[PDB]
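To start, the structure itself, in structure tokens.
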Amino acid sequence: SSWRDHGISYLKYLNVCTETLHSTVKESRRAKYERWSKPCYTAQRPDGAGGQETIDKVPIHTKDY
Amino acid sequence: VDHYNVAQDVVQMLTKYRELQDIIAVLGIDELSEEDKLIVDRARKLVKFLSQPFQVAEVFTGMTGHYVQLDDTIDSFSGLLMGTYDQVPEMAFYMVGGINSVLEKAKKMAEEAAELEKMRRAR
Amino acid sequence: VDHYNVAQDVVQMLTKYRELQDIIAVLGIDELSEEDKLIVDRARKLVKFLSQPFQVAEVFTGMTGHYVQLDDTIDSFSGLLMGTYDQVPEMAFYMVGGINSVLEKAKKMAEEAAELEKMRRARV
Amino acid sequence: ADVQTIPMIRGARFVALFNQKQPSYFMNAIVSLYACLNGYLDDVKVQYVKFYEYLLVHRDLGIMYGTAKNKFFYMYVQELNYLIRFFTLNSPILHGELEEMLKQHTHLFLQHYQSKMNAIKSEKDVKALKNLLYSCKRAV
Amino acid sequence: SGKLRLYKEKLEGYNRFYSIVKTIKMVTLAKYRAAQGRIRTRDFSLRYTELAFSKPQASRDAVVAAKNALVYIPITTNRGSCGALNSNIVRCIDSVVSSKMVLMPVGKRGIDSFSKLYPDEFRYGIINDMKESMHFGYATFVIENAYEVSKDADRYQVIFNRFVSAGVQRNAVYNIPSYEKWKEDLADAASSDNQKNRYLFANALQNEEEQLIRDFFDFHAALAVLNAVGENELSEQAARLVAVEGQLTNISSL
Amino acid sequence: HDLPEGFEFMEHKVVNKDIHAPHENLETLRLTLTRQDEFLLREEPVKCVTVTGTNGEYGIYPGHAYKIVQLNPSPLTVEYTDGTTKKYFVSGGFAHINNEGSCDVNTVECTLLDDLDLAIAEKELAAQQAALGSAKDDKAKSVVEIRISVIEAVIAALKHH
Amino acid sequence: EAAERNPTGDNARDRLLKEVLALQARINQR
Ligand SMILES: O=c1ccn([C@@H]2O[C@H](COP(=O)(O)OP(=O)(O)OP(=O)(O)O)[C@@H](O)[C@H]2O)c(=O)[nH]1
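Protein chains in written order, with the entry's author numbering: chain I1, 11 to 75; chain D1, 391 to 513; chain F1, 391 to 514; chain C1, 439 to 440, 447 to 584; chain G1, 2 to 255; chain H1, 22 to 182; chain d, 319 to 325, 332 to 354.
Structural data, given as structure tokens:
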């Protein structure tokens, strides 16, 4: 609705919806579905001495970007 | 009783740490569970905290020796086992005396690290 | 001086390869740094190259022997260390004389491989 | 056993400086170690450390390029060995000129030598450079 | 005697090595005997993404005429002991090197394997903790980051390993042309007799609005990514269960 | 150096009906309900399927014309020829309807209304609207409103039956 | 430009190397 005007892409919209649909699931069944709603992924470029540099052009946390 | 209990806990932790070291070489530090890594981090501090500069080896080491009291040692190790110093850097326990010296070394380590950061920041 | 420098470089390569061989046997050759893979490949070629068919063992080897002049030994090994022969197959260095023999054997192997590829392709 | 930090940068250069074929005069050895200790060789590649040392001992870049302002402290004055052995390098008498000489030697070496060395691609030039560096190991 | 005990200590270490490494097989054996589930529930997912992107094009004209970034997205595992897959896809990357080719890889191994080789064709990579199931959100994150490397990219490629069987893990590819080139081809497949199989599909999209087409493009692109990573995890586990047996036939002859 | 395409391994293909061909009377719709590259139903013959696209609700029966529908967070219904109704809830995705008698509904998440519960959403909606009041900026408000729309759809979906 | 105005054993190794490289490239093509 109003999220398109702010530049939010459709894919991020899906993430929020699936994030909130899993929230409503029963606590008994939440475990199975919550394994598809946790952004455990992060980025990093070779820094050069041997370390890394967190290049995050995309906000990871989908609930709060 | 506190002396006996602390010593046994140290020995058990060291024994467990050596067992983990075999895993750490095959799997790597990443594979270890949350509990295991905490043992690793605490144990490494124990290994380095056992080191002590003697007053007679100043020429060998180049630093003044320390004389640690019996009570200070027991208290220092007791706090270390239960995680009272989990946030202290590992190297702060290397070649020092009591817990007080550990804190002073950690402070000195922080100050020099800040200076290096400032030098990098100017660049 | 060129002879001395080449000899030391060869020894350093073989020394490192031996140390890497310990890891290779246990885990595998594919668990190594990409830099160490290049060293391994060069070292293996060196080991194969050091072999030589002797003129007194024409019966046990089944091949004509070779006499390698020292000047060709130095030049051949020096080029190999530089990496100019990385494209050459490893087995081309096995049981040969100088670098020229290595290239000739590689040419024959390439011709046989091309023939096999042609036969496979024609089978389609 | 367990990342380019200062200890790791200087440690390798110290190792390279430990390769020798003949005994080294005390003045030449102590000076070279001090230079690597105070980071003067951080910008110098490990392969070129021996070549850097050879120029420092058997040459004087500052005099070559006419930028030497030191009064007494030069590597060709072999009598300075006993003065160094008496006062220490980290003393006001010798420390001031010592740093100046190293600073000049580093800047001149990087500008006029390392730049050209890193720009060599010809096989003839590459081979010639290789012989030079190996010779420098057996010279200093 | 020390010399005798030197061997005993050396053999003492190996018994633990075989034992620990055996456990890795035991653990992975589960992860393969559990994620085995997707061998059946795969292939009935990207039915329609084939028409969107399936184009058996030549391997030279595609890369020779690159006027914009060809940003790549290879799939690689974070943990080692994985075989050569984490450097087999590295050899394929080398074979298609070019000026435009930039790389944005997946996994710690790829974050460091394509780092050293190409300190220019690298802006960053993603580390995904292999804790939760490979889900759509992870694939969406991959696409969003890929776009912001060079939004004006000619194509986005994915190199992923397909688990054909327990002992077969082939290298496979998903090429995704950017919006402009895809709609141009979709236009030709609709009007012209060329691309007959895509004629009905293309015209059924041109009827709808553009935003729907854009969402359609992004959605199917995500599915292909979610089919690359889910397939990599199967190949990964199937190569850390064929290599580990290859390490328990060395620590048992030592 | 070349590499096979990943769809060649995925040999399953879509069958499109040539336009210049006779019509067939079909009493079964072959449904393929998929979530995150996992089919909950596979080529299942059903009587009808009801889907909520952006424009509105579509009731797909066998022989439905070729169309592409952009779904929205909403329930999805499947009625079998036997007379059995199965209700899922989807958070989004696409639905491709083919005139050959097949319907491939690919969703980011497809959960049975069985597994969902209303009570939690009631307090979630109260807190989500509460957090919308504390939303810092326009972007944050829009995201929260995305949450509130799905929750209300879920709440309304369950209150229906 | 001014350079333009006024101005074998190793060749065999180079020749053989080029031929081998050519053959290894040709087999790859088809
Ligand atoms: O001004 C317009 C005109 C058309 N459209 C959009 O173009 C498409 C034309 O769609 P169709 O003409 O193919 O079918 P339809 O009216 O039955 O569509 P539904 O409501 O059932 O989905 C529909 O998706 C319509 O919303 C607009 O969005 N705006």
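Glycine residues also receive a C-beta, built at the ideal position from the N, C-alpha and C atoms.
Pairing residue 116 (chain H1) with residue 80 (chain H1) gives a Cβ-Cβ distance that is not under 9 Å. For residue 91 (chain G1), the closest Cβ of chain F1 is nearer than 9 Å. Neighbours of residue 416 (chain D1) in chain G1, taken as residues whose beta carbon is under 7 Å from its own, are 18, 21 and 22 in chain order. Identification of residues in the stretch 119-141 of chain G1 having a C-beta nearer than 8 Å to some C-beta of chain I1 yields 120, 123, 124, 125, 126, 127, 128, 129, 130, 132, 133, 134, 136, 137, 138, 139 and 141, given in sequence order. Taking 9 Å as the cut-off, the Cβ atoms of residue 133 (chain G1) and residue 48 (chain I1) count as close. DSSP places residue 203 (chain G1) inside the alpha helix (DSSP H), whose first and last residues are 200-207. At a threshold of 8 Å, residue 76 (chain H1) counts as near ligand 1, since its beta carbon sits closer than that to one of the ligand's heavy atoms.
Inter-segment contact for the stretch 521-533 of chain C1 and the stretch 554-573 of chain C1 is absent: fewer than three beta-carbon pairs are separated by less than 8 Å. The beta-carbon distance between residue 18 (chain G1) and residue 416 (chain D1), rounded to whole angstroms, is 7 Å. This is short enough to meet the 8 Å contact definition. Within chain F1, the residues placing a beta-carbon under 7 Å from that of residue 117 (chain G1) are 424, ordered along the chain. Residue 79 (chain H1) has a beta carbon lying at 9 Å or more from every beta carbon in chain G1. Around the Cβ of residue 109 (chain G1), a 10 Å sphere holds 16 or more other Cβ atoms; the residue is buried.
Counting along the chain, residue 477 (chain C1) sits inside the alpha helix (DSSP H) bounded by residues 470-481. Close CB contacts of residue 429 (chain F1) within its chain, under the 8 Å cut and outside five residues either way in sequence, are with 403, 406, 407 and 410 (chain order). Against chain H1, the CB of residue 78 (chain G1) has no partner CB under 9 Å away; the residue lies outside that interface. By the Cβ test, the stretch 166-176 of chain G1 is in contact with the stretch 231-242 of chain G1, since at least three Cβ pairs between them sit closer than 8 Å. In chain order, 447 make up the part of chain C1 whose C-beta sits under 7 Å from the C-beta of residue 61 (chain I1). Chain-order list of chain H1 residues neighbouring residue 168 (chain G1): empty, with the shortest C-beta distance near 16 Å, by a criterion of under 9 Å. When C-alpha distances from residue 176 (chain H1) are compared across 62 (chain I1), 58 (chain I1), 31 (chain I1) and 70 (chain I1), the shortest belongs to 31 (chain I1).
Between residue 104 (chain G1) and residue 73 (chain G1) the beta-carbon gap is near 5 Å, inside 8 Å, which marks them as a contact.
In the three-state scheme derived from DSSP, where H, G and I count as helix and E and B as strand, residue 397 (chain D1) is classed as helix. Below the 8 Å Cβ cutoff, chain d contributes 340, 343, 344 and 347 as neighbours of residue 497 (chain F1), in chain order. If one requires a minimum length of 4 residues, the alpha helix (DSSP H) runs lying completely within the stretch 461-543 of chain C1 are 470-481, 493-502, 505-508 and 524-531, in chain order. By DSSP's assignment, residue 116 (chain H1) forms a beta bridge with 90 (chain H1) and 126 (chain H1). Around the C-beta of residue 179 (chain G1), 16 or more other C-beta atoms lie within 10 Å, and the residue is accordingly described as buried. By a beta-carbon distance limit of 8 Å, residue 458 (chain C1) contacts residue 480 (chain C1). Their separation comes to about 6 Å. Taking a C-beta distance under 9 Å as the contact criterion, residue 22 (chain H1) and residue 91 (chain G1) do not qualify as a contact pair.
Look at residue 166 (chain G1) here: in three-state DSSP terms it is strand. Bridge pairing for residue 74 (chain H1): 92 (chain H1) [DSSP].
Secondary structure at residue 413 (chain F1): helix, using DSSP grouped into helix, strand and coil. Look at the stretch 225-248 of chain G1: it has no residue with a C-beta under 7 Å from a C-beta of chain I1. Listed as beta-bridge partners of residue 171 (chain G1) by DSSP are 163 (chain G1). Of the candidates 448 (chain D1), 512 (chain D1), 440 (chain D1) and 510 (chain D1), 440 (chain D1) places its Cα closest to the Cα of residue 492 (chain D1). Here residue 54 (chain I1) has 62, 63, 64 and 65 as same chain residues with Cβ atoms under 8 Å from its own Cβ, once five neighbours each way along the sequence are excluded.
Secondary structure of residue 26 (chain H1) (DSSP, three-state): strand. Residue 43 (chain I1): member of the alpha helix (DSSP H) spanning 37-44, first to last residue.
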